[PDB]
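Every number here is computed from the coordinates shown, using simple stated rules; none is lab data. Neighbour counts are summed over all protein chains in view; Cβ atoms, including those assigned to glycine, are modelled from backbone coordinates with ideal geometry.
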Amino acid sequence: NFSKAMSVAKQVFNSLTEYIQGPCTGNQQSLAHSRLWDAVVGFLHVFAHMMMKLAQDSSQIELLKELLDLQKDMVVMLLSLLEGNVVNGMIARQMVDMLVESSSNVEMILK
């Protein structure tokens, strides 16, 4: 059931990117005040341990494939929120906090 649930998550992430691409200040500002950061932290928590576990066995290589592009969809959304950002801007600062809170989780995809 993981494959079918993660496919839905890609569409939700893509839809959110559709709202903010072509920078829409109202939609970009609204997404920062919402609970999106909590969801991203939760996803990054799942992403770290699943990547290590799936790489152990070659039988789950196909499952790892949509695991990787789900990260790409989320990162594209994360990059879309930063379009037209200013130094010491609002949206950028919750991003710093969100990475800091999930520092242990994010410092596992890199390796």
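For the stretch 34-66, the residues whose backbone nitrogen is under 19 Å from a point 7 Å from the Cα of residue 1, taken along Cα to Cβ, are 43, 46-47, 50, 63. Where only DSSP H runs of four or more residues are counted, the chain gives -25000 deg cm²/dmol as its mean residue ellipticity at 222 nm, each run worth -39500 (n - 2.57).
Taking all Cα pairs closer than 8 Å and separated by 6 or more residues, the relative contact order of the chain comes to 41 percent. Counted residue by residue at 0.36 nm each, then reduced by the alpha carbon distance between them, the extension gain from residue 103 to residue 27 reaches 24.7 nm. For the stretch 61-111, what does the alpha-carbon gyration tensor say about shape, rounded, prolate or oblate, given a ≥ b ≥ c as the root eigenvalues, a/c under 1.5 as rounded, and a/b over b/c as prolate? It comes out oblate by the Cα gyration axes. Reported value for the chain: 100 Å³ per residue, from the convex hull of its C-alpha atoms.
Across the stretch 79-92, rounded Karplus estimates of 3J(HN,Hα) from the backbone phi angles (6.51 cos²θ - 1.76 cosθ + 1.60, θ = phi - 60°) give 5, 5, 5, 8, 5, x, 6, 10, 5, 6, x, 5, 4, 4 Hz, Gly and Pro being marked x.
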